[PDB]
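Heads up, the thing below is written out as structure tokens.
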Amino acid sequence: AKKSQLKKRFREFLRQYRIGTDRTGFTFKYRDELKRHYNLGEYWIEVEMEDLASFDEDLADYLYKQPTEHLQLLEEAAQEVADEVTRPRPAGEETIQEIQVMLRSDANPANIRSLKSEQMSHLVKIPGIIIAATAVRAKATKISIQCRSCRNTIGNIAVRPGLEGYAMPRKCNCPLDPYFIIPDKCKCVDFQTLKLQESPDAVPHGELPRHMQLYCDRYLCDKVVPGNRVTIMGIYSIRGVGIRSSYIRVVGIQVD
Amino acid sequence: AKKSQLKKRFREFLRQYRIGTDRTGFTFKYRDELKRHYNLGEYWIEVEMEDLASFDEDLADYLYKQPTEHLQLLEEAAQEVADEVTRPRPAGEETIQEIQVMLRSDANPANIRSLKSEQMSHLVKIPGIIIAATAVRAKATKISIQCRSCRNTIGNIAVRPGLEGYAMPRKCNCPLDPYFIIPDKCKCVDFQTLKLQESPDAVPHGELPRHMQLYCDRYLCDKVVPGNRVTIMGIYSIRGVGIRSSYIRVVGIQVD
Amino acid sequence: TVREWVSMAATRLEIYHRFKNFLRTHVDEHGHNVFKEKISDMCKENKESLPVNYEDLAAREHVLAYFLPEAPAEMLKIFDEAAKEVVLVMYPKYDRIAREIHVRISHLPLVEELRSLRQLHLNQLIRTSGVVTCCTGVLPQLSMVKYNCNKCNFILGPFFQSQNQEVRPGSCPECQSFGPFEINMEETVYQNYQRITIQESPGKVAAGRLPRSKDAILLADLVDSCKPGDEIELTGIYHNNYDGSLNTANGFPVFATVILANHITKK
Amino acid sequence: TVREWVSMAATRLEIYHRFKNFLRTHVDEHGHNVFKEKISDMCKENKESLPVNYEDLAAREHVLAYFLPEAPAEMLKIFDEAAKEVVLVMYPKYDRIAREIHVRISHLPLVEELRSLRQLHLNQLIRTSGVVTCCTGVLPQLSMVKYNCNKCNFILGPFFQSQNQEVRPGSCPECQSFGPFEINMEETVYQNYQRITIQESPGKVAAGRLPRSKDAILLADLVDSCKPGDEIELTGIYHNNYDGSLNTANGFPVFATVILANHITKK
Amino acid sequence: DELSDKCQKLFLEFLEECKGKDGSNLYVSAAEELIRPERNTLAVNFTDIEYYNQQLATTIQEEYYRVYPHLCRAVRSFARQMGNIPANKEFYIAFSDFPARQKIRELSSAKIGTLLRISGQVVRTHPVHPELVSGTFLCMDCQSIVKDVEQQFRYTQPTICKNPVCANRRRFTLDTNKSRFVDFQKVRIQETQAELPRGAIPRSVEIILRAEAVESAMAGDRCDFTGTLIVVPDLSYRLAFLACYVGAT
Amino acid sequence: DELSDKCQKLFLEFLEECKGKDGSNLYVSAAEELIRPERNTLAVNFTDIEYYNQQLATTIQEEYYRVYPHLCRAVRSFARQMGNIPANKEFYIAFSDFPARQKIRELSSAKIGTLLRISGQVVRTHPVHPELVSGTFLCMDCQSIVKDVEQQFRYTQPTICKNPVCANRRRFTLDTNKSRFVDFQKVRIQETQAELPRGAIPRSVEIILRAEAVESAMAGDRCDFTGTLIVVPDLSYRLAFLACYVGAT
Ligand SMILES: [Zn+2]
Ligand SMILES: [Zn+2]
Ligand SMILES: [Zn+2]
Ligand SMILES: [Zn+2]
Ligand SMILES: [Zn+2]
Ligand SMILES: [Zn+2]
């Protein structure tokens, strides 16, 4: 499939990107950073967007327009590269941890009032000021279900990231809907929701500022407190007749 | 469910039926016969229909009108009774074999030309003369399937008796229809098809005799050769617009 | 169209009442009630077929005698219902030996030949004659199929099937599982089927011309009423059935024709 | 009905050609081509809204000027298509900056008030005035939904959605999996939505009477064109929407009314 | 219902034959205005109905609510014969000059269905809303159109198809294009001070206004409402007044 | 196609104005019989057509197959105006007295679509079967009825709906109740002995018979068939003859 080719291209980007000139020397930037972060205990990296464009313009162009699948492939590639760089791990740490990839770019920021409906499921960069936050709750990623009658088990079910659930099966494969989630067989991550307010100068005359709901996950939680000026990079998505609430899956924060 | 109650009633019939008077003595008829046949190696019994009526008229009346499920329950009850009568079996024979139940009655026989369409899925008793037979082929009862791509296995699937198949699943739970039958993981029984011809006297004047297809299974195979007069007891069932072929699942033969 | 007029509920009720009155009150030349004796003989021998003569029906009801040859389906259905009601009134316990009483029409004034049937006769009660040449065996046919729903295990209601098309399922109350629909073999109702083939009489066929043939369909009590090589008088509904194979063969869109037999008399 | 007449294919083509000719050839008092300049200004600032004055449309086409106020939906759709064609002819590359050109009608001769709207005005292009009192935020709405089929992984074609009912899926080519149908978020097309609330003017309201109010719906370019506390002149299609809650409340079957805004001018 | 048919025929004859001192039909001139749009209700004096046929007037007073639809149908035919108008256009009858004044306390269950006349002071009004008189219901199993399904102060749908095949349980979609909508208003009036008995609060009632008789009476205006009394829905029931004519003295 | 319209008008005028020595319309008396059932085809002499308008006769001979439907439509109006007849009843034209005799060998692709006349000896016949002239096709996605869908010697269905919403690919059910059926017969004739050239086998052809001209010619009867020549369906094509009139000399 094309997914394997895209994953291989992302792995090649991670393993082969270098910075510097032959007059001084060359240093691999993302492989070294991945090794250092994984050894330190922080499982994340900050991948710029101009670097990916310079390596492969098509790959960067597929991240500015279909961020979901391409970001998932990039995270899997980062996990594989991090696993191969630190292959002989000490006893007890054989299992490889999952890596979270954060994005950054130097583009001119947009406005909250400029977000049209055409730019849905696209990477956006909007500034603002945080005015609210919520308690750090839990969000599941891997779940296992079990039948109530015949106690059949279907494990390792994956749940999509963001404010999206998982429709449970009806047929038992034992009445209708016999499946319940096993409590202890669930892997969870951190989870927080913020509220971004339009900048005090971009607000037009004689009008109250507008707001926008944000979503933060894993290492992005507990990074911004109310009253901070931030620049947010995230995926515009949806959570009256046909009206749907829209939020922003945050994949990068630059506190000012 | 009512199925459990019916099975318990059949078990009670098998365990508690007695013949004789207190002036001579009483002998349990079907429990002794089951023990004797199971020890001899023949896994079958011949249950009369007047005995079952005398024990429980409702149970007999549910066998003359819905033979399929009630006969299956009767066979399961016979298997359980046979297992409990010979509970300490010698080493190597711990597993209990399946028992086949054959029916018999003293009712007046019907005619092939008298079989209406109302009497579908009902026990019938028709005489005739056998004019053809086929080679003993194989019919599956338990099958196991496996996916071609992800090699997932779904074993112990049960196939209904008679000329009826099993619609294989489409979703793999791996393209569409990825399941193939594992050859060695199949349990099969004997299988034969006959042709019954109307009796030479019941045929009206100036008309050729009619025919009817029969189905024989397990110990009923290789019991009748062409040219024999028989009395058949079986289940009338179906195998142009909406036209369906009709056969007779034979559950008892009385060679004359 | 006569079909539209007889499809009216008030017209249907009026025809029903008229037929009931005709069955209950029809004296003979000597004043004897003919239908009382006919029903007695039918129930005495455990039959489910009641013959009705067209002549006395015309004598007692000209309006219905004119309606019948133009809309023979619904009119015969109403006749069947009225006959069943009358029989149940006369014999309360006949619901055991039978479940539907059929009406057979006799002495239809119009008589035709197999060589002079055109599209004018479509969907009309015709009366022909000929000699039988083929008779298939009796096979079972789906009468009222009871489709089920896998999404809810509830089984849909009866769906009548005609001899011209394949019946399709309806709609489940709330869980719309149109796809996963099947048929059970213990609640469905079947009926006998037999397809005879009739041809022109050896004496009546024109010397220059060659014998013609038409197919006929026999159901319920009508089966095994004919044997190959018998001269019969066939009354039934001339019916049009599409046949794409003939279309491809001739190179022109053509349709097959069959006769839904209603009354057969052997001469 | 004017709707039936304008629904005719030949009538549709004739109206399309007349509107194209009007856009291409409409001189001013000095002979200048007004629509050339209008399209130049619209494309120069990257807009997708083209205003059309009713007066000159009546002057150059009385038949269309009479058809429009009685069938404002299909006529406006044809106007939009013709305007898009003309713009693409003038500016070949404008398919990047926009995907649909809208036509806004100005100076409609008929003017009404919120207190004199009855069922006579249903489905007609009306022009009212008032003061805004509420303005919800901009929310996304489903414009063209692309339903998929789980039985085959193939995705059905676009299905337009209206502001009066919930769109239901069609039929898959061969595998009729009506039930297992869902929506993807990367191929569906959305549009902006905003529901303002307008009320009668403080000065124009009758002393004995109390101010009235009606709801209006703004889509696409119309959003964020009004702020609470503004005097506006609203032109749109008066539309009838069922509301069972009002039925239960009043104890009598009653329907809600909304205005689908088409042109808004701030005074 | 030969009573309704006879009342319809007599009312049509009264419309096409009533002549005053001038010996001319006033109702033909009235229907001249009914030709134009924005006009959907006719006027008639009950005293002139008595003059033409006191027996017909009494029959109307007996079952005014029951025979009102047939009166509307007759006036529809009269107006349509007088002038060219769309067939879908509905028409209504407003009865004026009713001397049988009543009392708010006098209202009871016996008087339901009879033409009455009450007076009161308007307390509050409601905005004008569309009302579904007769709806179009379509079976989802056979697509048979069942038009002119009257709504009896509630969302009412049948369980039978137009064609004799289906009997649908609850699947009957409604088409607004084939439906009939009339103006609806719900006002509240209280008992006047003169009518107020000693040691009793005013028994405020609610009035249903339709057709051109909408937004007719403002708040705090002494008006005389002429109309019938109906029951608006164990079976919960409440009283209400449906005024066909509103007059101010 | 003003040619077809002009031909239709001229043919109708010829039907309602042709008068022989008696100065009377023969075609009105002919339509008198068309009133009765079992009659669906009219008769006309090509020589009399020439007498009335040789130009019209030539125009007919140019595109006989093309203008035949309009001739049938005109005779339909003539017969319907003459007497009460159900609208669904179709009518056909039989052309007789055609002097332009042809040869079986002379037949070629150029002559397709022009009225001709051939002679032969009938070899074999076929039983009478219904034929679908125009079928009714219904979309399965919107239930829009598309009637009068002509069949061009093959099962032909469109891909568009009657209403401008759907464009169905292949789902178009056929209704026999709204369809039109005509009698069809397929006979085979061979070249006569007189026509037989030296050292050549007879070139047997097939003839299509419709309407009342069915079961008309028995086997082994020398007959003259008057009709057009058509192509009956890489694109496989074969020749065939569609005779409108059969005569025996
Ligand atoms: Zn289970
Ligand atoms: Zn698999
Ligand atoms: Zn269901
Ligand atoms: Zn599909
Ligand atoms: Zn229905
Ligand atoms: Zn369609």
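Ordering of the structure tokens sets the chain letters (A, B, ...), residue numbers begin anew at 1 in every chain, and ligands are numbered from 1 in the order given.
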* Given a cut-off of 12 Å, which residues of chain C touch chain B, counting only C-alpha atoms, written out as an NGL selection string? -> :C and (97-99 or 135-145 or 160-168 or 184-195 or 217 or 219-221 or 223-224 or 226-230 or 241)
* Could you please extract the residues within 9 Å of ligand 3, counting only C-alpha atoms and all ligand atoms, and hand them back as a list in words? => residues 148, 149, 150, 151, 152, 153, 154, 155, 156, 171, 172, 173, 174, 175, 176, 177 and 178 of chain C
Env of range 196-205 of chain F: 9 Å cut, atoms = only C-alpha atoms, seq-sep filter 6 positions within chain, self excluded. Answer as a short mmCIF file (atom, residue, chain, number, x, y, z; two decimals) with N, CA and C atoms, in the first residue's frame.
```cif
data_model
loop_
_atom_site.label_atom_id
_atom_site.label_comp_id
_atom_site.auth_asym_id
_atom_site.auth_seq_id
_atom_site.Cartn_x
_atom_site.Cartn_y
_atom_site.Cartn_z
N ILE F 104 -34.96 -9.23 -55.72
CA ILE F 104 -34.29 -9.63 -54.49
C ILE F 104 -32.80 -9.31 -54.57
N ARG F 105 -32.19 -9.56 -55.73
CA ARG F 105 -30.78 -9.20 -55.91
C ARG F 105 -30.58 -7.70 -55.85
N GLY F 120 -41.93 -13.43 -53.68
CA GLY F 120 -41.24 -14.65 -53.27
C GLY F 120 -42.24 -15.74 -52.93
N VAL F 123 -41.57 -19.98 -47.39
CA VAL F 123 -40.93 -21.23 -47.01
C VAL F 123 -41.49 -21.73 -45.69
N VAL F 187 -41.72 -14.67 -40.86
CA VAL F 187 -41.83 -15.64 -41.93
C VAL F 187 -40.57 -15.58 -42.79
N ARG F 188 -40.36 -16.63 -43.57
CA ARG F 188 -39.20 -16.74 -44.45
C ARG F 188 -39.68 -17.08 -45.86
N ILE F 189 -39.19 -16.33 -46.84
CA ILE F 189 -39.54 -16.55 -48.24
C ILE F 189 -38.26 -16.72 -49.05
N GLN F 190 -38.38 -17.45 -50.15
CA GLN F 190 -37.27 -17.72 -51.05
C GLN F 190 -37.58 -17.16 -52.43
N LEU F 239 -29.55 -7.69 -42.62
CA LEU F 239 -30.68 -7.13 -43.36
C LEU F 239 -31.97 -7.88 -43.04
N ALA F 240 -33.08 -7.16 -43.14
CA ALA F 240 -34.40 -7.73 -42.91
C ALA F 240 -35.43 -6.88 -43.63
N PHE F 241 -36.60 -7.46 -43.86
CA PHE F 241 -37.69 -6.80 -44.57
C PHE F 241 -38.89 -6.69 -43.65
#
```
* Could you pull out the residues sitting within 8 Å of ligand 6, using only C-alpha atoms and all ligand atoms, and write them as a list in words? => residues 138, 139, 140, 141, 142, 143, 144, 160, 161, 162, 163, 164, 165, 166, 167 and 168 of chain F
Could you turn the residues from that selection into a file that holds C-alpha atoms, as a PDB file, in the first residue's frame?
```pdb
ATOM      1  CA  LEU F 138     -39.354   3.792 -14.062  1.00  0.00           C
ATOM      2  CA  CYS F 139     -36.330   5.004 -12.116  1.00  0.00           C
ATOM      3  CA  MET F 140     -35.606   3.030  -8.953  1.00  0.00           C
ATOM      4  CA  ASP F 141     -34.092   6.084  -7.212  1.00  0.00           C
ATOM      5  CA  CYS F 142     -36.873   8.660  -7.668  1.00  0.00           C
ATOM      6  CA  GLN F 143     -39.851   6.734  -9.150  1.00  0.00           C
ATOM      7  CA  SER F 144     -40.190   8.994 -12.194  1.00  0.00           C
ATOM      8  CA  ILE F 160     -32.005   9.682 -17.520  1.00  0.00           C
ATOM      9  CA  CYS F 161     -35.054  10.309 -15.338  1.00  0.00           C
ATOM     10  CA  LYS F 162     -38.283  12.052 -16.265  1.00  0.00           C
ATOM     11  CA  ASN F 163     -37.627  14.549 -13.467  1.00  0.00           C
ATOM     12  CA  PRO F 164     -34.307  16.485 -13.470  1.00  0.00           C
ATOM     13  CA  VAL F 165     -32.824  14.866 -10.356  1.00  0.00           C
ATOM     14  CA  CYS F 166     -31.565  11.335 -11.032  1.00  0.00           C
ATOM     15  CA  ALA F 167     -29.510   9.877 -13.866  1.00  0.00           C
ATOM     16  CA  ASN F 168     -29.933   6.145 -13.322  1.00  0.00           C
TER      17      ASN F 168
END
```
* To do: Up to 6 Å from chain C, what residues of chain F turn up? Count only C-alpha atoms and give them as a PyMOL selection string.
  => chain F and resi 130-132+153-154
What does the file look like for those residues with N, CA and C atoms, as a PDB file, in the first residue's frame?
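For reference, selection37.pdb as written:
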```pdb
ATOM      1  N   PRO F 130     -46.324 -11.599 -28.878  1.00  0.00           N
ATOM      2  CA  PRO F 130     -46.397 -10.164 -28.588  1.00  0.00           C
ATOM      3  C   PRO F 130     -45.054  -9.488 -28.816  1.00  0.00           C
ATOM      4  N   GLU F 131     -45.113  -8.205 -29.165  1.00  0.00           N
ATOM      5  CA  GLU F 131     -43.912  -7.408 -29.371  1.00  0.00           C
ATOM      6  C   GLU F 131     -44.064  -6.081 -28.648  1.00  0.00           C
ATOM      7  N   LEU F 132     -43.014  -5.668 -27.941  1.00  0.00           N
ATOM      8  CA  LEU F 132     -43.037  -4.425 -27.177  1.00  0.00           C
ATOM      9  C   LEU F 132     -42.607  -3.275 -28.080  1.00  0.00           C
ATOM     10  N   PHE F 153     -35.685  -2.786 -32.086  1.00  0.00           N
ATOM     11  CA  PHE F 153     -35.346  -4.188 -32.336  1.00  0.00           C
ATOM     12  C   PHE F 153     -34.387  -4.735 -31.284  1.00  0.00           C
ATOM     13  N   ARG F 154     -34.476  -4.211 -30.066  1.00  0.00           N
ATOM     14  CA  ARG F 154     -33.630  -4.635 -28.959  1.00  0.00           C
ATOM     15  C   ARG F 154     -34.186  -4.014 -27.688  1.00  0.00           C
TER      16      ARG F 154
END
```
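Near residue 155 in chain B, within a cut-off of 7 Å and counting only C-alpha atoms, sit the residues residues 143, 144 and 145 of chain B, with same-chain residues fewer than 6 positions away left out.
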* To do: Please extract the residues at most 9 Å from ligand 1, counting only C-alpha atoms and all ligand atoms, and provide them as a ChimeraX atom specification, using the chain letters and residue numbers of this document.
  => /A:146-152,171-175,178-179
* Residues near range 70-76 of chain D, cut-off 6 Å, only C-alpha atoms, skip fewer than 5 positions along chain, as a ChimeraX atom specification -> /D:3,124-125
* residue 196 in chain A environment, 7 Å, only C-alpha atoms, sequence neighbours closer than 2 positions dropped, as number ranges by chain -> A: 128-131, 194, 198, 211-214
Create the file for the chosen residues now, containing N, CA and C atoms and written as a compact mmCIF listing (two decimals), in the first residue's frame.
```
# COMPACT_ATOMS: atom_id res chain seq x y z
N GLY A 128 -3.53 33.81 20.01
CA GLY A 128 -4.60 34.13 20.93
C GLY A 128 -4.08 34.24 22.35
N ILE A 129 -5.03 34.30 23.28
CA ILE A 129 -4.73 34.38 24.71
C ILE A 129 -5.63 33.39 25.44
N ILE A 130 -5.04 32.60 26.34
CA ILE A 130 -5.80 31.57 27.04
C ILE A 130 -6.55 32.20 28.21
N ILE A 131 -7.84 31.90 28.31
CA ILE A 131 -8.69 32.47 29.35
C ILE A 131 -9.32 31.41 30.25
N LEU A 194 -8.89 23.57 26.69
CA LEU A 194 -8.66 24.98 26.94
C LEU A 194 -9.64 25.82 26.14
N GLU A 198 -9.61 35.54 21.05
CA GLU A 198 -9.00 36.36 20.02
C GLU A 198 -8.17 37.48 20.65
N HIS A 211 -14.20 33.24 20.73
CA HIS A 211 -13.49 32.19 21.43
C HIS A 211 -13.37 30.97 20.53
N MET A 212 -12.61 29.98 21.01
CA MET A 212 -12.41 28.74 20.28
C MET A 212 -11.91 27.68 21.25
N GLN A 213 -12.48 26.49 21.16
CA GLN A 213 -12.11 25.41 22.07
C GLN A 213 -10.89 24.67 21.54
N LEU A 214 -9.99 24.31 22.45
CA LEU A 214 -8.75 23.63 22.11
C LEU A 214 -8.71 22.27 22.79
```
* Please, which residues of range 68-222 of chain B, numbered as in this document, come out strand (DSSP E) from DSSP, as a VMD selection string? -> chain B and resid 100 to 104 123 to 133 137 to 147 153 to 158 179 to 197 211 to 217
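When CA of residue 92 in chain A is paired with CA of residue 29 in chain A, their separation reads 28.4 Å.
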* Quick one: residues within 9 Å of residue 124 in chain A, only C-alpha atoms counted, chain neighbours fewer than 4 positions away excluded, as a ChimeraX atom specification? -> /A:64,109-110,115,119,232-236,248
I need the chosen residues saved as a short mmCIF file (atom, residue, chain, number, x, y, z; two decimals), in the first residue's frame, with N, CA, C and O atoms.
```
data_model
loop_
_atom_site.label_atom_id
_atom_site.label_comp_id
_atom_site.auth_asym_id
_atom_site.auth_seq_id
_atom_site.Cartn_x
_atom_site.Cartn_y
_atom_site.Cartn_z
N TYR A 64 0.27 19.52 5.44
CA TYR A 64 -0.48 20.76 5.55
C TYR A 64 -1.93 20.60 5.11
O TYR A 64 -2.72 21.53 5.31
N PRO A 109 1.07 33.93 11.02
CA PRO A 109 -0.13 33.39 11.67
C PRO A 109 -1.41 33.96 11.08
O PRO A 109 -1.46 35.08 10.58
N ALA A 110 -2.47 33.15 11.17
CA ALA A 110 -3.78 33.52 10.67
C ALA A 110 -4.57 34.21 11.79
O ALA A 110 -4.00 34.60 12.81
N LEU A 115 -10.82 31.91 9.86
CA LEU A 115 -11.00 30.48 9.66
C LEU A 115 -12.32 30.24 8.94
O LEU A 115 -13.40 30.36 9.53
N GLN A 119 -11.28 25.45 5.15
CA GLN A 119 -10.10 24.99 5.86
C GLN A 119 -10.47 24.06 7.00
O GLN A 119 -10.11 24.31 8.15
N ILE A 232 -0.81 28.85 18.51
CA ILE A 232 -1.27 27.47 18.48
C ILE A 232 -1.21 26.96 17.05
O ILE A 232 -1.64 27.65 16.12
N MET A 233 -0.66 25.76 16.87
CA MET A 233 -0.70 25.04 15.61
C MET A 233 -1.49 23.76 15.82
O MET A 233 -1.13 22.95 16.68
N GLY A 234 -2.55 23.57 15.04
CA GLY A 234 -3.42 22.43 15.27
C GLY A 234 -4.24 22.08 14.05
O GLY A 234 -4.15 22.71 13.00
N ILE A 235 -5.06 21.04 14.22
CA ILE A 235 -5.90 20.50 13.16
C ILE A 235 -7.33 20.97 13.38
O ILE A 235 -7.97 20.60 14.37
N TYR A 236 -7.85 21.79 12.47
CA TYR A 236 -9.24 22.20 12.53
C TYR A 236 -10.14 21.00 12.23
O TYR A 236 -9.99 20.35 11.19
N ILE A 248 -10.11 22.39 17.98
CA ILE A 248 -8.78 22.41 17.38
C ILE A 248 -7.86 21.44 18.12
O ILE A 248 -7.43 21.71 19.24
#
```
If you run DSSP on the backbone here, which positions in range 74-195 of chain E get helix (DSSP H, G or I)? Please write them as a compact mmCIF listing (two decimals) with N, CA and C atoms, in the first residue's frame.
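result-v7.txt, freshly written:
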```txt
# COMPACT_ATOMS: atom_id res chain seq x y z
N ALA E 74 -69.91 25.77 0.35
CA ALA E 74 -70.91 26.43 -0.49
C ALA E 74 -70.46 27.82 -0.91
N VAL E 75 -69.89 28.59 0.02
CA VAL E 75 -69.42 29.92 -0.35
C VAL E 75 -68.23 29.83 -1.30
N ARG E 76 -67.45 28.75 -1.21
CA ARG E 76 -66.38 28.52 -2.17
C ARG E 76 -66.93 28.39 -3.58
N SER E 77 -67.97 27.57 -3.74
CA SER E 77 -68.58 27.39 -5.05
C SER E 77 -69.19 28.70 -5.55
N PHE E 78 -69.85 29.43 -4.65
CA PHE E 78 -70.44 30.71 -5.03
C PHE E 78 -69.38 31.68 -5.56
N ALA E 79 -68.30 31.85 -4.81
CA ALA E 79 -67.24 32.77 -5.22
C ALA E 79 -66.57 32.30 -6.50
N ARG E 80 -66.32 31.00 -6.63
CA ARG E 80 -65.65 30.48 -7.82
C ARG E 80 -66.52 30.66 -9.06
N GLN E 81 -67.83 30.46 -8.93
CA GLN E 81 -68.72 30.70 -10.06
C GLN E 81 -68.80 32.19 -10.39
N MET E 82 -68.74 33.05 -9.37
CA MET E 82 -68.79 34.48 -9.64
C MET E 82 -67.58 34.97 -10.42
```
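Counting only C-alpha atoms, the residue from C:203, C:169, C:158, C:179 that sits nearest to chain D is C:179.
Atom pair CA of residue 103 in chain E / CA of residue 222 in chain E has a distance of 14.6 Å (rounded to one decimal).
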